[PDB]
Amino acid sequence: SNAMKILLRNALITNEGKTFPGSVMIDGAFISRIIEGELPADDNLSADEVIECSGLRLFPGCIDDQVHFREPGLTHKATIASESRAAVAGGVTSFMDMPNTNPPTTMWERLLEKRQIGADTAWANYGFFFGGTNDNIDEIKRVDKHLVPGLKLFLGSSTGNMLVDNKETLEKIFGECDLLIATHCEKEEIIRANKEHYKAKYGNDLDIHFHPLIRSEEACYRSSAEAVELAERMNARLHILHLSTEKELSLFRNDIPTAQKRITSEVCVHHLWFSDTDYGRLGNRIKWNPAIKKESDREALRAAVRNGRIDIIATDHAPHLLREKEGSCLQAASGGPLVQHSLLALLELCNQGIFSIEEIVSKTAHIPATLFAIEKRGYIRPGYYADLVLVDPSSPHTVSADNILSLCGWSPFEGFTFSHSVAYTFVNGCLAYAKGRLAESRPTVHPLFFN
Ligand SMILES: C[As](C)(=O)[O-]
Ligand SMILES: C[As](C)(=O)[O-]
Ligand SMILES: [Cl-]
Ligand SMILES: [Zn+2]
Ligand SMILES: [Zn+2]
């Protein structure tokens with residue numbers, strides 16, 4: 001735990017739509033003061049410790065609503081320890097891990113178990129979505145809603161147990177369960193029709209370029225449209241994950257603020273960064289579900305971040321070993337790591353005018369905290385937890401085998417040089433990462449607290 005008063009002195013702060021020179025005083029685990037302007041040379045406000053931040057940008061730490069840290073049961077790929085270290089190195093100070101582990105997080109015992117793993121091993125603050133299945137409605141009703149961000153349903157991509165296809169079950173969940181429902185929307189019936197066409201016409205060895213043709217725009221839109229109708233029918237709280245298409249944007253609104261919406265959306269950095277033009281170069285290293293699709297889709301998603309149709313930005317960090325990423329679009333695993341570099345990638349798009357720094361902070365910190373009703377995080381406000389990231393906009397960072405932290409040991413950004421680097425990351429006032437190196441000691445971490 002931190003017990004010291006630590007002054008982050010003369011940073012360029014971005015918070016709540018404003019960017020301004022200022023200093024932030026940390027007192028133990030909390031932000032105690034924000035001091036606008038440039039403190040004169042001699043003035044350290046009686047801090048116990050000072051970090052000189054001139055030239056650095058200071059943001060609230062990113063809060064990521066969708067990661068897959070592969071624990072329990074898939075730990076050859078990753079662990080909560082390994083990936084939360086990668087997260088802090090990327091300026092992500094809170095994460096929400098998904099229930100598709102082995103065993104899946106579909107009963108209360110499993111959720112409590114993951115919370116203990118977090119307490120014992122995470123380097124960032126932690127939360128865990130509860131999983132819905134065709135068979136666990138009774139478990140869902142007994143979920144303490146303070147202890148999870150919501151319920152995750154896989155309406156596609158998943159198989160058997162984790163695939164919620166039972167229509168009576170979906171109606172029952174939406175109509176009976178009082179929590180936020182996050183959905184993965186791809187219509188498997190459409191994907192299968194497309195798979196049949198492409199296999200019949202082009203054969204069994206279909207490469208990556210068939211991936212967005214099989215897991216098509218219409219397969220995403222049809223699933224999302226059906227989820228939206230069901231949520232409207234029940235006045236349910238629905239949060240559609242990882243939007244990948246322009247077409248889906250018509251299902252969302254930007255006439256009201258996120259806090260008022262019953263139906264919200266998330267986009268992930270890879271869908272904001274990559275397009276299908278990148279398949280030639282990167283191949284399976286950018287194979288994801290939902291698939292990376294057209295340049296025009298990427299353009300529409302960027303616009304929707306700016307206009308508000310997309311509520312938040314996340315990663316869908318989902319490591320696999322490279323031996324699992326091998327083969328055809330039918331054999332290779334979908335998913336890859338992103339959390340160590342996603343903030344740098346967003347900041348690179350800000351250098352290009354695609355987003356403002358203010359929007360990126362809103363979408364990665366402010367709005368995730370608002371949307372999931374997370375207590376005392378996501379904002380640089382007095383009394384909030386000191387989850388903070390300092391970035392250096394004039395110190396490039398090149399991604400290499402040597403500096404990748406994810407256990408899987410590769411990155412879709414391998415070889416890329418970002419203009420920005422992460423200079424420092426604080427988690428609950430504990431310095432967790434500084435100048436390319438994880439701290440000697442794990443920071444104090446907490447479960448995220450919801451409502
Ligand atoms: C001018 As000074 C010592 O506050 O960087
Ligand atoms: C991680 As999935 C089963 O939503 O592609
Ligand atoms: Cl990465
Ligand atoms: Zn998904
Ligand atoms: Zn996911």
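The residues of the chain are indexed from 1 along the displayed sequence. The figures that follow rest on heavy atoms only: side chains count, while hydrogens, waters and symmetry mates do not.
Distance alone, capped at 3.5 Å, is enough to place a donor-acceptor pair between the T425 side chain and the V88 backbone. Side chain of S406 to backbone of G409: no donor-acceptor contact under 3.5 angstrom is found. Between the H68 side chain and the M98 main chain, no donor and acceptor come within less than 3.5 Å of each other. Put simply, the side chain of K114 never gets that close to the backbone of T105: no donor and acceptor are under 3.5 Å apart. A donor-acceptor contact shorter than 3.5 Å is absent between the side chain of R377 and the backbone of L448. Proximity of a side-chain donor or acceptor of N136 to a complementary backbone N or O of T133 within less than 3.5 Å is detected. Of the possible polar contacts, none joining the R215 side chain to the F210 backbone as a donor-acceptor pair under 3.5 Å is found. Judged purely by atom type and a 3.5 angstrom limit, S84 has no side-chain atom pairing as donor or acceptor with the backbone of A122. The backbone N or O of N284 lies less than 3.5 Å from a partner atom in the side chain of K325, making a donor-acceptor pair.
Between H197 and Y202, the ring-plane angle classifies as perpendicular under the 30° and 60° cut-offs. Below 30°, between 30° and 60°, or above 60°: for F128 and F95 the angle between ring planes is above 60°, a perpendicular geometry.
Remark: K152 is positioned above the aromatic ring of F154, its terminal NZ or CZ atom under 6.0 angstrom from the ring centre and at most 45 degrees off the axis. A cation-pi arrangement, defined by a distance under 6.0 Å to the six-membered ring centre and an angle within 45 degrees of its axis, is absent between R309 and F252. Relative to the ring axis of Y221, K247 places its NZ or CZ within 45° and under 6.0 Å from the centre.
A ring-centre distance under 6.0 Å is not found for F416 and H341. In this structure, the ring of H242 has its center less than 6.0 angstrom from the ring center of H184. Here the two rings, on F274 and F413, have centers that are under 6.0 Å apart. In summary, the aromatic rings of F69 and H317 are positioned with their centroids under 6.0 Å apart. Between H446 and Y126, the ring centre distance reaches or exceeds 6.0 Å.
One finds the CG atom of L407 at 9.5 Å from the NE2 atom of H76 (value rounded to the nearest 0.5 Å). Taking CG of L321 as the start and SG of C408 as the end, the distance is 7.0 Å to the nearest 0.5 Å. Atoms CD and CD, from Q352 and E348 in turn, are 6.0 Å apart once rounded to the nearest 0.5 Å. Residue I137 holds its CD1 atom at 4.5 Å from CD1 of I173, rounded to the nearest 0.5 Å. For the atom pair CD1 (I367) and CD1 (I313), the distance works out to 11.0 Å, reported to the nearest 0.5 Å.
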Requested in this report: Might you work through the salt bridge (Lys or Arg N to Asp or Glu O under 4.0 Å) test for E171 and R233, ending with a clear yes or no?
Outcome: CA-CA 9 Å; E171 280 179 23; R233 215 186 315 159; 3.7 Å; yes

Requested in this report: Could you check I140 against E176 for side-chain contact (heavy atoms from CB on, under 4.5 Å), going step by step and ending with a plain yes or no?
Outcome: CA-CA 10 Å; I140 306 182; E176 297 186 12; over 6 Å; no

Query - Intermediate values then yes/no, salt bridge (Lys or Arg N to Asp or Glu O under 4.0 Å), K187 and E226 - result: CA-CA 9 Å; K187 183 96 181 301; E226 283 167 4; 3.7 Å; yes

Requested in this report: Begin from the C-alpha positions of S275 and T277 and carry the test side chain to side chain donor-acceptor pair (under 3.5 Å) through to its verdict.
Outcome: CA-CA 5 Å; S275 75; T277 66; 2.8 Å; yes

Query raised in the report: Should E414 and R285 be marked as a salt bridge (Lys or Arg N to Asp or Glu O under 4.0 Å) after you check the CA-CA gap, both sets of side-chain angles, and the distance that decides it?
Result: CA-CA 10 Å; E414 220 154 335; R285 296 167 105 270; 2.5 Å; yes

Report task. Could you check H239 against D65 for side chain to side chain donor-acceptor pair (under 3.5 Å), going step by step and ending with a plain yes or no? Result -> CA-CA 11 Å; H239 178 66; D65 86 332; 2.9 Å; yes

Report task. I would like to know whether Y424 and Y433 meet ring-ring contact (aromatic ring centres under 6.0 Å, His included); could you show each step before the answer? Result -> CA-CA 5 Å; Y424 300 93; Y433 179 85; 9.0 Å; no

Query raised in the report: Do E358 and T14 pass the side-chain contact (heavy atoms from CB on, under 4.5 Å) test, and can you show the C-alpha distance, the side-chain angles, and the key distance before you say yes or no?
Result: CA-CA 6 Å; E358 297 76 16; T14 294; 4.2 Å; yes

Query raised in the report: How far apart are the C-alpha atoms of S1 and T444, what are their side-chain angles, what is the distance that settles it, and do they pass the side chain to side chain donor-acceptor pair (under 3.5 Å) test?
Result: CA-CA 5 Å; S1 288; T444 295; 3.1 Å; yes

Requested in this report: Evaluate side-chain contact (heavy atoms from CB on, under 4.5 Å) for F129 paired with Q66, printing each intermediate quantity in order.
Outcome: CA-CA 9 Å; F129 277 89; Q66 186 179 8; over 6 Å; no

Query raised in the report: Going through the checks in order, is the side-chain contact (heavy atoms from CB on, under 4.5 Å) test met by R381 and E16?
Result: CA-CA 10 Å; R381 292 166 174 180; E16 292 180 68; 2.9 Å; yes

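With respect to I240, the side-chain contact (heavy atoms from CB on, under 4.5 Å) criterion is satisfied by exactly one of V267, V228, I310, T264: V228. Considering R253, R262, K261 in turn, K261 is the only one that fulfils the salt bridge (charged side-chain N to carboxylate O under 4.0 Å, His left out) rule with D311. Among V92, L58, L343, the single residue meeting the side-chain contact (heavy atoms from CB on, under 4.5 Å) criterion with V389 is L343. With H366 as the partner, the ring pair (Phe, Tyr, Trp, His ring centres under 6.0 Å) test is satisfied by one option alone out of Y384, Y379, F372, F59: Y379.
Remark: the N125 side chain and the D387 side chain contain an N/O donor-acceptor pair separated by less than 3.5 Å.
The number of heavy-atom neighbours closer than 6.0 Å to CG of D255, taken from other residues, nucleotides and ligands shown, is above 12.
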